[PDB]
Structure formats: C-alpha cells, structure tokens
Amino acid sequence: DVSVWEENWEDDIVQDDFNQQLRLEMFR
Amino acid sequence: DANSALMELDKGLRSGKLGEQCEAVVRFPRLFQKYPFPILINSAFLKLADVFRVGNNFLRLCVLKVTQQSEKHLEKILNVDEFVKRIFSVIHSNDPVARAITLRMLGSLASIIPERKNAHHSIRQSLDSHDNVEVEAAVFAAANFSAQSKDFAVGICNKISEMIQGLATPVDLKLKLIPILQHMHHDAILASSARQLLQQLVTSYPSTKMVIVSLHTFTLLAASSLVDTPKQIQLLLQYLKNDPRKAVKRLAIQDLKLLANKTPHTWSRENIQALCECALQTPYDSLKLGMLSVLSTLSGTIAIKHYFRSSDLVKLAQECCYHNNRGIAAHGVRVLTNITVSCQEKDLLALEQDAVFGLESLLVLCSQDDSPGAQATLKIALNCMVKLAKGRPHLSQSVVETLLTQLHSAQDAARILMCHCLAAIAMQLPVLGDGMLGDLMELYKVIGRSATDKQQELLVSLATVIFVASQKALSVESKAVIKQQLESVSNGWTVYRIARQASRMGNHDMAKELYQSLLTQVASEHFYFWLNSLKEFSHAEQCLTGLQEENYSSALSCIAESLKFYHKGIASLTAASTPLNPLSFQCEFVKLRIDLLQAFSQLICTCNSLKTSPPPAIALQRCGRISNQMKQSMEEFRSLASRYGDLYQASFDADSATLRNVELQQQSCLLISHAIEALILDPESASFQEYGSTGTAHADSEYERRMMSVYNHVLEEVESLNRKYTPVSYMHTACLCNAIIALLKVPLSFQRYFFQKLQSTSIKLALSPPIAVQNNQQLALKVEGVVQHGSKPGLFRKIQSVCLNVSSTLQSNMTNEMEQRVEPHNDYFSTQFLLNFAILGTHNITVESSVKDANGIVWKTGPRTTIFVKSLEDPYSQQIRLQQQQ
Amino acid sequence: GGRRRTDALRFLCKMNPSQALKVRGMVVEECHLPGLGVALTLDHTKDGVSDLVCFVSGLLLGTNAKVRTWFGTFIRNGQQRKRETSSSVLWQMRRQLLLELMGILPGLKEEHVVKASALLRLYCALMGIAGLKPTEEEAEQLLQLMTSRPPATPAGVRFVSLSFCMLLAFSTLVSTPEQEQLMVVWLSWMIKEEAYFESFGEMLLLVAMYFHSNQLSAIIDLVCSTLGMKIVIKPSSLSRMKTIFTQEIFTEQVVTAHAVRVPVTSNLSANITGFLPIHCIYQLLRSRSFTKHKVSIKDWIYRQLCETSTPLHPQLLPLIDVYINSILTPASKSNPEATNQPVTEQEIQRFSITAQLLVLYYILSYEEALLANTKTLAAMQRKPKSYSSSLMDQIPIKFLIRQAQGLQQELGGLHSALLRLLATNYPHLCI
Amino acid sequence: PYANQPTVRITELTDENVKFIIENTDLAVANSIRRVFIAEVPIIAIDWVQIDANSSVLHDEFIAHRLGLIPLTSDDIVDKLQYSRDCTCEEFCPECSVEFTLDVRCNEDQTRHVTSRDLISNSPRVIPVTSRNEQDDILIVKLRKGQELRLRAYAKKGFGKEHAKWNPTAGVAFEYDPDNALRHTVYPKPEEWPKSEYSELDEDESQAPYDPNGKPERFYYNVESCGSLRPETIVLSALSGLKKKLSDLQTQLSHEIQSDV
Amino acid sequence: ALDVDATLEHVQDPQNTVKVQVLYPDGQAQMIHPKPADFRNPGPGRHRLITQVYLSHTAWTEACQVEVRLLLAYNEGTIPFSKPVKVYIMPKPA
Ligand SMILES: [Zn+2]
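Just so you know, the sequences run in chain order Z, X, H, S and Y. Numbering-wise, the numbering used here puts 15 at position 15 of the first sequence, and it's gapless, one number per residue. Counting from 1 along the second sequence, just add 28 to a position and that's the residue number in the numbering used here. Counting from 1 along the third sequence, just add 914 to a position and that's the residue number in the numbering used here. Counting from 1 along the fourth sequence, just add 1345 to a position and that's the residue number in the numbering used here. Counting from 1 along the fifth sequence, just add 1606 to a position and that's the residue number in the numbering used here.
What follows is the structure, encoded as structure tokens:
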C-alpha cells in the first residue's frame, strides 16, 4: 500500500531467514 | 500412494453409515492435491458422481463442496459425458433439495461443460419453479453458465427480463436475479439490450436496494463491455448529483472510483467537471471525502492532462486543501500535488506555494493525535511532500525547512514518518548537509527519554537521516551517537540496523565502531563471522578515507592498509557461509572489490614504475616494459568489468538500487580501462566524442551522484589529452593516478541485497539420469524443473522464460550446442532434448538455465548441472566396423 | 621443489608484508601450495577470534567443494607422513590452534563462549571433513573445552548443543575411562539444568528417542544438520554411546519427566518439518509411558494445542487420538482437560482458530469414544467423567464447523474428522 | 494383525556377493524371499538358437544347451524388456529379445577355443559376463582344423521357475538362529557341532539356552550372484517381483470377490 | 507419415506463402512448401490445408515430441503463423 520512502530497508516487517534468525538472536 | 488412497476413500464411501461417507467425500480434494494424476482424478470424480446420484442430500452437499473446492482439477476430466450424465440424472428427482444441489453442481461444472444444452434447459425450467431453494440454485447456476456460455447468456437475458418484469417474482428474488446481467459482456448487441433492461429497472423499481444492485451491476457490465463506459460514467454522475439518498450517492462514489481505477483515460473533461461540481455542491463531508478520493485517483493518472488554467477542479482542491476534516484536506492536497507536478504553465507557479503551505498545515494538524487515521493522512501528506520535492526540485528547501521546524514538536510515530520523508528528500538532492545535520543532531540528544516502544525505530530512522545528511567524517558527533546507543539502546538490533544504514550511506568509521561492539552479544558462530567480516570491511573502507589528491605514495599506503583488512574480512565472511542462506552475493561482491583494489594498486605501482624503471637501449616500443604492463592492466580491468557484468547477471533477486550499484562498479572498471587505452595503447584510433546527454543523468543517490561526477571528470580529462603527448609521458601517469584516487575517494556503499535477501527463486532442474547408451540410438533427454519462490514470486522481476542451454564435451568439444526457451505456464516447465554421441567415448553433458524476464533481460541464475554419459557401440556393430575398417 | 618455492614466496612476502594476504588469496584461488597459504596466515601474526581460525574455517566449511577437497587432502597428507617432525607448517598451525584452545579455557564467560563455539565448529570441520587424527593432548584439551559450563545465555545453549553433537559425532576421541566418566557427569549436570530448555532440550529428547528406538541414521542426520556438514561416523562407537546413554543417562523415567519439561513447538504447522517434540510425545504416548511412570501430560497437550498455527501439522490428529485412548485405560490412565480450560478457550483471551478446532475435535472425539468404549468400563461412575451438558451448550459446534469449512485446505484431515464426528453425533446440525 | 517393521543390516557388498541381516520379520517371509531369489528373478538368457553349421564333435543339442547356460549382463535391460510370450511380434523383436551371433571357423592347424568372446551381441549393455571389463571366458566348444560353428541365437527374459539357466544366483546361504536357542534342530551331541560364523556364543558353550518365548527373528543371508545381475539388484528385483506377485493376486482376489457378491 | 489438416482464414495467396515447419528436438527446422493442390477453398475467405507431411530420424532413447507449426512466408523471410503443435515420435531400431 502507500509508502513514504519507496526504498526503505525497515519496510519489510517479516524478513528472510537470515535476518529473522539474526533479529531473534540480538533482540535480547 | 495414489491407488491405495483412492481405494481407502472408496471403502469409506461404501461404508453405508453417513459419517464415514461424508468423511471420505470431503477427504477427496486433499487426495487431488496429493496426487494430481488425470487417471486418478477421472476415476475419483466418476466415483464421486456415482455416490452423488445415489445417496442422501447431505452426501450430495459434501460432493458439491468438493467440486467447488476442486474446480481446477475438473479440467483433467476425460469421461465428461458419463460424469455429467450421472450427475444430471438427479435433476428429475421430485425432491427440490436434490434438484437444488444438482443445479449448484452444474453451476460448479459450468467451466468444463458449458454448451451442454440439456443443462441449459434444466436451468431455464428450474428458474420458474416454486420451491425457493430450487429457484436460488437455478439463479446461481445461471450466473455461472452466463459467465461461461454466450449462447446461454443470450438465451437467458430475455427470461431474466420477463422474470423481473413479471409480477409474481418477489422483490428479494428480483434482487438476486439482477446481477446475472453482469455476465452479458459476450456481445455488443447483448450488452446494449442488457443496458436497456437496466435502465428500465432503475426507472421502474426505484427502491434503494434495487437501484443499488442494478446500477452496480450495470457498472460492472459496462466495465467489462468497454463500449458503454462513457454513458455509464455520465449515468453515475447524474445519479450522484440527482438521487438524494446517501446510499445511492455512496454507491455512485464507490463504483465511479472503480471505473476511475480501471479506465481513467476514458474520463472526459465534462465528467471531471460534473464530478467537481458535485463535490463543491455537497454539504456532507462523507460524500465530499468519497468523490475527492475519486478526484485524487483521477489526478494520479493522465486524466488531468486530458482535463486541461483556473477551473472548478483547482477551486475545489484549493478550497478542500484547508478543510477542517483531515481526510478531505489530505485528498485535496494530493490533488494539488498531482496538478503541480503534472503541468508547467505560468499560473501554476502561484499554485505550488499554495500546495506547499497546505502540506505545512497537514503536518501541523496530523502530527499530534497519533490516531491511525492521523497516520493515514500523515502518510498521504508526506508522500505528497516527497512527490513535489522530487518533481519540482526548486521547491525543496522550504519543504525541508518546515520538516525541520516541525520535527521538534511531532510525536514519535510522526517523527518516524517525517524522518523517512526527509531521508527520501535528502537522498534526492545533496546541497543541504551540514546545517540540517546539526539540527537533526541536536534533536538526536533528546531521543534517550522519549518512550519505550517507538524509541528504537525512531533511533533507527533518525540515525539513517543523519547519515544521509552527512557527507564527511565526524568524531565528537560519532561519540555522541555512540554514547546515546550505549546509554539507551542496549539492544543491538537497533545498533545493527543503524550500522547497516551507516554502511549504506558510506559512513564507515562509525559503522566499524558499532559492528565491533556487536561481536560479543551474538550467539551463533555464523553471525559472529558475519559481524566480524562487516567490521573488517567497514574498517577497510575507512582506510581509504585518508587518501589525498596528488599524493600517490599515500595512495599506495592507504590501498595496502585497506586491502589487509579487506582480506581478513573476506576470509571471515567465507567462514560465515552455511548450506542454508549461502552468502553468494556477498562473497562475490567483496571478491570483486578485492580484485578492483588490487588492480588499482598494480596500476599505481606501474605508473610509478614509469620513473622507477627507465627503458633500455632499444632505439608502444622504446617503452617496452611500461607498455606491456599497461597492456596487462588493460586486460585485468576488462576482465574485472566482465566479472562485474556476470555478477549483475547472477543477481536476479536483487533490488534495482543494488543492481545500479554493481553497474556503477562495472562502469568504474570500464572507465579506468578505457582511460588506459585512450592515453597509452590506442590513442590514434580512439577518436570518440563524449556527446552523451548528461543533463538527464537522474542520480538516485548521493553515492551515485559522486560516481557520475567522477566519471564525467575523468572522461573529460581524458578527452582533453587525446593526442597532446607521447603515450608514456608523466601527464598520462598523473591522469591515471588521479582517476584512481578520485574513484577511491568516494566511499563504497553497500546495498540491500548485500544485507537483506528478498524475492528468492531457484530451479530444481530434474532430468533423466556413468550412463551407457548405444551410439546409434542417440540420447533422448527429458529436462524439467519448478521455479521456487520466497514469499511472493513476482516482487521485483517477473519470470516468463527459461532459456535452457545445453552443451557437451568429450574426454571428461562443444558438439551439442542447442537450447530451448520454454514458458513454464504453471511454474513448472518441461521439455526434451536429443543428443548425439556418435563418438564412442564418454561425453559429459552440461545443461544451463538462464531466465529471460518480461523486459527481455537474460539472467544467468539457474544451476549448473553436469552428468556423465558413456557412449559405445554394440559388439556386432563394433565387429563389422573392425572387419570393414581394413 | 615445493619447499624451495614456499621458502621463496615466504621470503617475498616477508620483504613485502602488505601483499602477503594477496598471495594467500592467490594460493586459495589457484588451489596451489596449501602450506604456503597456511604459513602466510601464521607468519602474519608475527583481539577477539584469531585470523587463522577464520581462514581455515572458511576453507573447510565454505561452499567451494574443490577447495574443501584440496585442503582435506593437504591435512590428511600432513597428518600421515613425517611422524610429527614439526617441520611442516601443518604442525605450526596445530600449535597455534592449541594456543587458542588453552587461551579460551578458564565456567566459560559471556565474551568467550561464541569464540569457543567457532573453535568447536572449526574442530568439527577438521575431524570430520579433513580426516584429522588429533593427538591425545589435543583430544584431552578438546574434551576440557566440551564439558565447560557456559552461563546459560543463548550463546551458551548453542555452544552446549555444539559440544553435545561433537561428543556424538567423534566419540572416538574419548577412548579413555576417566574422560568417559567426565562425559557422563557433564551429561547428568546438563540434564538437571533447566534454564537451557527455555532448543537444546528438544534435540536432547530427540536423540534420547532415536537411541531408544535404535534410529542411528536419524542421529547421523541430526548431528550433521546441527554442526553444518556431512561426516562419516562409523556408528559402532555410537552403539557403545547408545548402550551407555540408554542405560544410565536416559531411562524411560528420566526421558518422560524431561519430555514434559520440553517446550512446546510454538506456531507449528505443515510449514516447519522434521522430527519435533510432538513426535516424541506422540511416540511416548504410543508406548503408554506417561501413565506407566505417573507423568502428567495434560498441560503439555493443552499448551501444544493452544500454540498451533493456521496450517495443520499432520501429527496433531494422531496425537489427540492416542491421547484420548490414553484417557481410557482401566487401572490407571491420563487425565482429561479441565472443563474450565475449554470454557475459557472457546469464550466469545484470543486463540488460534486451529486451537478451537483441535479442542473441539478433542471434545467430540472424547465423547464419542466414551460412548464407544463403555463395554469395558470396569471402574467407578466418576471414572469416565463425561463432560457436562452445560459445557456442550456453551460450545459453538456449528459456528466452528462453518469456520472449518471456510478454511478447509489448511486443516487437512481435521475437517474430515470433524464432519464425521458431526454427522455421527449431531445429525440435527447436518440438516 | 498388521505388518512387521523389518530392519536391514548389510555386512558385505562385494561385486559378486552380498551378505546381509534381516531382523523383525517372519521365517516364512525370509524363506519366500530366498525362493524368489532362486526362482522368481527374471534375467535374460539364450533360449532360441538356430544352427546352420556345426562340424564340431559336440552335437547340436549339446552346443545349444551349453549356450543357454552362459550368463549375460542382465542389468537394467530386464526392467524394460518383455516376455517373449507377452510380446506381440511374430519374431524376436528388440523390445522382447536380444540377438546373439556366433561364427567361428578353425582354419588353423592348432586347436581353436570357441570362448564366450565369440558370442557377439546386438546390444552393448547385454553381453556375456566375462566380456565385461583379468578373468577367462566360457568355453562353448573346442575346434580342430576344418570344423566350423555358425549360429544365430536369441536371448529372452525368463525366470528360474521355467529353467535353471534363468537362475541369477549361485548359492543362497540362508541361516537363522545359529546358537540353536529356538531348538528347531536337535543335536544328540551338541559339543561336536562346529559353530556358525554368525554365532554370538563363546568357545565353552555348545548351544544357547532354550528360549520358549523366542521366535525366528534374525535371518542371515549370503546371495552369491553368477554375474548376470548385481547381487543388490538381485535382492531389490526379488522384492519388487514378490510384491508385484502379491499385487496381482490381490487384484484377482478382488475381481473374484466382485464376481461372487 | 503425418497427415496435417488446418483451417486457414483470411489469407490471400496461401499456396504461394504458407509453409509448414517442423522442429525436431534439436536445431533442425525442416520447412515444407506444400503443393498448391492441397490448398482447397471450400468457402469464401477460409481455406483447407489437407497435407501429408513426412518426418524421419534415427533411433531415440525413448519417444519425444516434434513441434509442427504453420509459417507464413513473405517476399524471403518468414514469420510464425499458428500455435505450434507437438506430436510424439517413436523411432524404433530395426
Ligand atoms: Zn517382441
């Protein structure tokens, strides 16, 4: 849908396996 | 297996107790998904039709559910006549529920057996039945068959007309009966007759429900049958202005929005003027909001260009831009933004500042309450801000100034959104760095005690816009940023994302500072290697920050220091690879950076060798060593350009910005190689004029802007020295070394595909499987594959081709060059190849799979697959060959 | 010739230190003179994880098959010949790796645990792919590192799982009595540890079941997936490990009492695959282990059902079937769900639709089986404990089966089971 | 009520024989598997010869019989070949046959050996076993000066139930319960019986203690192929053939059940 | 042999412009110019191309499919005209 910054790296809320695993392993 | 499962289901079917039969029947579609084999599908559906024929109505209802769910597997039915014949027999049952389930069954099967005239007759006879369930089932089946058969549609339109005009038909049945007419888009006279009927409906049945249903299905019919679109638009506008009911007006708004979404180009100036008159006239803010949403949708498209200085649209959009309601104001200022960015008339110059101050007011209005509707309006306004600053770049200073003055007072969510907007604006023009950087920095101090939830995302967005604003080195500022992170974040994911943005904008020293802090708190070894490698790459890029123009010894020293940390980092990053998520792009990108920096080091060393190794007594020639090493450097840089090219081609899943970044790397390599050639090797025959339209060089980033600027400077410097000097003069050395130093001064900017993979895809590439084959009986190969997808398939690039290339070789040359381009058509392609192995040795088969996207670009992405085929002749043929060989 | 060449490039890189790692890159790219690349990595050092570990780890565990085979041949040849003359650079790198091992050893700390796991994966690669046969001193210090007690951080969980899988993969490095009992006491301490589970407990339970069922190939695949490479195992040493494991480490009692303590697979479905705690609980329930050892399972089943996601993991329906059958055994049997729990679950806080569908299938199958198995009651009146009629009146059977009909494709066998239950038991809802 | 869970443990996989252990299965199943090894694994052997010249001392039936016993590499051809009776051709077609030719004339004053090298095949995958690439060839006949042997022979698919030449095995060493725990065989003097190679007992013991609850559970195989098929392929083809035999019987039984009710 | 029939609508001079092309599963694209006698004109504007076409090759490992497709040729240089139909082929060794 509508987006302010067309090229934004934080847009993707649910990420690929690498970034998901890195997120869970560092969000603590 | 397939047969075993089907047998089990049939056993459940014969069970004679209703529970097991229903269980088996509803178990059938899962079996179809398990084993889509057409013999199994045909036999299974035959069994289903047989249990449908003899079995109580609940079983038939389960079968109807199956047929509705398994609509796609109906295409794989061979014995269609027998299947339908035993389904159709129960239409003669005197039980109206059985007839109703049968009519719904035929409606579910309208796709595979339209133009089955007895079925049409059953729909027609059951239409005027007495049982209400039978009539509704007939209506549903009529809808399906009208969607499928043209003959049925033309046959049934008259029956529907006389049924609505009939008086024994109640109002609710009439209501269900009208939208059959949306399927009369098979023919022009058919559509015209249906339109006449719908006009009669609205005039003779003016109730709210019936006018709503009729004028909505007329809209859909005119949408499908494109000839009636303008009269539909004028009917909708007429009903919007005239009919007083809010429900009718709301429908007119919604379906005009539908029409404007699908055929905006057919909208006339008269239609837009009428809609603007309606919007100005109405007192209801919900209606005004709706038709202003329609106006904004139109203004996004070319309809405004067709609409055209001052007019009712402009008066509307100015009036509504300052509306009390936020949604009307948001839509009106979007309309203003679209008109401003469309045309360049001399009256519009007054209009732009009106739009700018409207956006200002929207920021003051929507930045406090934090409601979700406020977030919607704020997003609309900020997207408009980005749009008219990109489209009218002379108006961006005021945009950024109001963003700065408002960023202090806005709430945290509004701060995040305005930081995103500001980051976009700053990425699109670089002339506002230090000042606004200081203001966002003094804002950055007070972020440690804002809130608990949005604080992290606000920190990420604010650091991002800080990095975009910055274009130089900062030490006390980096100290403040790092102190803020240690004091308030203590998370790391925020620190990692901030470091990611620092790498992206080329701020590598502070990125090294953050990445080094993250080594301790990670848990897996792979991520430890990955973060360590990022730390080394960031440190290595910061080593090049200490370069200096016209200081080549310092250039050599800095490039060596950079390469040391780069080598440590590439070793660590290769350690980070795993079977899952292998860092292929990161490995290859860093390796090409390795080779590029090594080539630059070699070129500077050779340029210094011009004076560090004078030529011999030899009376081009007379500079033999320097010319030969120039030639070797030329070959190295061309090979580097080729490797950047195939890296581009292997990057099918990458976003556009990453591809442009890799393209810029390739262009720097080509620039250096061409400079070498045109200054040293072939100056005489390189008479090329650099007459490229540089005005339209729309740079998408500050990094890309510096890349194009340095390309242009190196190229014009080369052009100014085409034939002036002998090709081994010190000025050639100075030109090449200055080109290298200027190219390295702009820091590397990693991109999304390096850090973040989206739209993954791959090929399994199954094929027929140390394999012997008779030489005469040449090989017949079946190659097939499925295209895997990560989340949505077509995010960036769409795949419609597989250009499978296959070759062969002996003594594991290139005897079986052949290829086939196949459209998968179900995300699964299959084709065959015939391969000749008349040579009685062993042949290795190499089969590739490139992909041609929609635009025609070929991406070498698919796997490299190799097998070994033994070729030999039969002993009788071998023996007659031996007898005949002498 | 090779020695003279390696000496020449060693002297060249000693004369030009800034281009030493470039020459190491050429060595790696051309797959030529591995000892020179190792010597350059060693001679370079003359904070954090060492450069040598990164280099050899990326050599042995990178995706490049040719480099992996080439370096494995190098390691094997250097190991076999010269009888540890210490002249070949292989022994120099072995000495530096031993320096790093001793340096990391103290339990382990917050900053050294991830470095230790990187070292253990390096030794994984060495012993598995490179065929390295370590010295007894090397194995002794490796075992000292393995049995260390990390501070229960997630890095600690990863490191402990790595050490356990290395114990399983290379149990031939124990080969001594004292290290064997050190291994078993470390294992027992790991068992009594609880913070590790909230994962390590999942794979521990998995290997316990594989050993009890003698599914050794599954152990091989599990350890290979955990470490991240394929290793030849020779399962005879694993058979000795199995006899000690199933005898003293894991009997049925401790594995059951540990299996209930294992966390439920959150948000399971057909999407996530491979053996799971649901499979282990199901296999244990099939053996009637929980009632045999008087182990409560009802809370685990309730939590597992409550945590289910929108596609249906295929093992949930057989799990509910065997669980309900386990609620019906005369002398002793598992407990049913507590009436309260269904009530709150179905209430008008928020739960997955699969949670409602599974608990409804449980209720309906339970009542049907209660009416089916009444011919062998042999127990008190309150022993079957048929659910209250008010409980049935609260449950929206028709509304949930409407929902199930809506989401038919995801559920699989659940919708068919629900339709059979509804048709047999509630025909007035099948009008 | 339902099937067992038969595990497999293979101990030897030489190119000529396979030695393996099957646990958790019935004695009847294991013995039937052995019978299918011997008699119900189709291979290809010569079953039709046309002799148009035979001056050898061995008469025509002798030469034909010797030719039939020569093993041929049946790997992967038998899967796609058809039985000659089941084929529609009026002759031996390639889809159901393999043509072999032999024409040996002894024009030399020394003895000629008509080895298996002279069996020239019309296909490269199927050949006499010795011809595959050490080991000597099969002697069909010896020829002195002046004697010839011209023949065209066809090899067809067939199994050991019809003729021994279609037997793919040579010795199927089937053994279970080596320590005589079940006491299915009774030794009057158990001390003077040599221990089996799979015996789990020590030298002091003659036979294991008797176990009444025990049943035949571990079965020991050694299938020695004659070279026509790989022994692993022999075992797998046997399992598939027995399975298809049961499938055909089940289909016929269901047909009779339909015809009856 | 392979008997080919097609219905050609709105073509001016099919017998001098319509070429049948076959594609064996390799580079070979054997193109055929049917004789003018097989182009019938049963009704106005639509034709009938009732042609026998001949194919051949050596033995194949198993059956594969050859794409036979109408072409349209203009004054040289040709374009595809119809939807490529594939037909399976089973060359058995003699
Ligand atoms: Zn035949």
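A virtual CB, placed ideally from N, CA and C, is assigned to each residue, including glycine.
Does the beta-carbon distance from residue i to residue j come in below 7 Å?
i	j	result
X/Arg525	X/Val488	yes
X/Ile240	X/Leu279	yes
H/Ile1267	H/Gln1317	yes
X/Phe865	X/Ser835	no
S/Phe1437	S/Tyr1499	yes
H/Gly1021	H/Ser1062	yes
X/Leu265	X/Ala288	no
Can you check which of these residues, the options, is closest to residue i by C-alpha distance?
i	options	result
H/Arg1296	H/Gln1197, H/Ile1277 and H/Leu1242	H/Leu1242
H/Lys1247	H/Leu1118, H/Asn930, H/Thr1086 and H/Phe1204	H/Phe1204
residue 917 of chain X	X/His702, X/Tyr731 and X/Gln912	Look at the range of chain X in this structure, 29 to 914, and you will see that residue 917 of chain X is not part of it.
S/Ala1373	S/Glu1562, S/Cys1434, S/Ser1592 and S/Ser1599	S/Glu1562
X/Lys619	H/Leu926, H/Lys936 and H/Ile1262	H/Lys936
X/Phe246	X/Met212, X/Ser232, X/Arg273 and X/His760	X/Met212
X/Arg114	X/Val79, X/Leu823 and X/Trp521	X/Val79
X/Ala442	X/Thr548, X/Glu505, X/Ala725 and X/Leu390	X/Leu390
X/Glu164	X/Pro198, X/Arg144 and X/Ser189	X/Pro198
X/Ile885	X/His554, X/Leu863 and X/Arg825	X/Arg825
X/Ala604	H/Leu950, H/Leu923 and H/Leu975	H/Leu975
Residue i: beta carbon under 6 Å from a heavy atom of ligand 1?
i	result
S/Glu1440	yes
X/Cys50	no
S/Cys1432	yes
Below 8 Å CB to CB, which residues in the same chain sit around residue i once its five sequence neighbours on both sides are set aside?
i	result
X/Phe116	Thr130, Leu134, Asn146, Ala147 and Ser150
H/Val1074	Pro1064, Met1104, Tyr1110 and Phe1114
X/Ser829	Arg849, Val850, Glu851, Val879, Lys880 and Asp881
X/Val108	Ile140 and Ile141
Leaving out five residues on either side along the sequence, give the residues of the same chain with a beta carbon under 6 Å from the beta carbon of residue i.
i	result
X/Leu584	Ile632
X/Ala417	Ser424, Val427 and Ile453
Please list, in chain order, all residues of the same chain as residue i whose beta carbon is under 7 Å from its beta carbon, the five residues on each side excluded.
i	result
X/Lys888	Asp674, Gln677, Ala678 and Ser878
S/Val1568	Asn1362, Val1363, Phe1382, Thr1514, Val1517, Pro1576, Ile1579 and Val1580
S/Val1394	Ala1409, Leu1412, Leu1496 and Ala1498
X/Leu37	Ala52, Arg55, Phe56 and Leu59
Can you grab the Cα-Cα spacing for the pair residue i / residue j, in whole Å?
i	j	result
X/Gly194	X/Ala383	56 Å
H/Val942	H/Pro948	8 Å
X/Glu380	H/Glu1112	59 Å
H/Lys1148	S/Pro1533	42 Å
X/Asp159	X/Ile208	20 Å
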